[PDB]
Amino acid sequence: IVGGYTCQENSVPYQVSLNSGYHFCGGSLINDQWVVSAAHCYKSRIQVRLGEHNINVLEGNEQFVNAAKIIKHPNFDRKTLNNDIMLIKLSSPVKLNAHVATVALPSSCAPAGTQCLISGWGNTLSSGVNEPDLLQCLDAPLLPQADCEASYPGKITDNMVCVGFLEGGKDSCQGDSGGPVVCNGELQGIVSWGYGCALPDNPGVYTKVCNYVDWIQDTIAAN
């Protein structure tokens, strides 16, 4: 996250870190046994870390659970990133508490202009590299689809939504992928891609979660 601020200790309880030796992607806890992330964050072996704030220090509130099932959307395109969404079933249910909680799936697609909260442990620099210890937060609005398309000519599908500022300055970055974009208590987006981080005319592109609620529920009930 570039241009953000450190999130208040356990104010983002649904945020998880995907780890395979080191943190490589984020995710969101949607129920006591399922995590939702981006399909491009796929790995054959993944350990999910919940209750994290400082990913580099053992604080005492974290839960470490291995992924038992990793299911990517059947229509995921690694080239265009269309349908960049994936579900992870945990080895065992997690213990829900003040530091570890679930986030609600969308009731409907949020309109442009809606204010959202993006979070992650990704790069904080547009130029250079600075990996934070602490979880970063960023308040940003959902952009009109026309501005999204104008920023990325012919690269935006109906399953993508732009979030951020057309002037740059604030944006998600490498290490944020798979993370949450929550608007009014509902998960409306998943950090997916963008050209660089926080560059003008190139705001972040996110997977439109509201287009996958039924697929998500159907998959969870079948697995």
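In this text, residue numbers run from 1 along the sequence as written.
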> Mean CA B-factor: is it higher for 176-184 or for 189-197?
Replying inline: 189-197
> Which of the two stretches, 105-113 or 128-136, shows the higher mean Cα temperature factor in the record?
Replying inline: 128-136
> In the PDB entry, which of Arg49, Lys155, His53, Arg45 has its C-alpha at the highest B-factor?
Replying inline: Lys155
>> Quick check for you: using the entry's CA B-factors within this chain, is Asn123 in the lowest, middle or highest third?
In response: highest
>> Quick check on the deposited entry: does the C-alpha B-factor of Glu149 sit in the lowest, middle or highest third of its chain?
In response: highest
>> Sorting by Cα B-factor within the chain, modelled residues only, which third would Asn202 end up in: lowest, middle or highest?
In response: highest
>> Taking only the Cα B-factors deposited for this chain, tell me whether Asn82 sits in the lowest, middle or highest third.
In response: middle
> In terms of the chain's CA B-factor thirds, is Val65 lowest, middle or highest?
Replying inline: middle
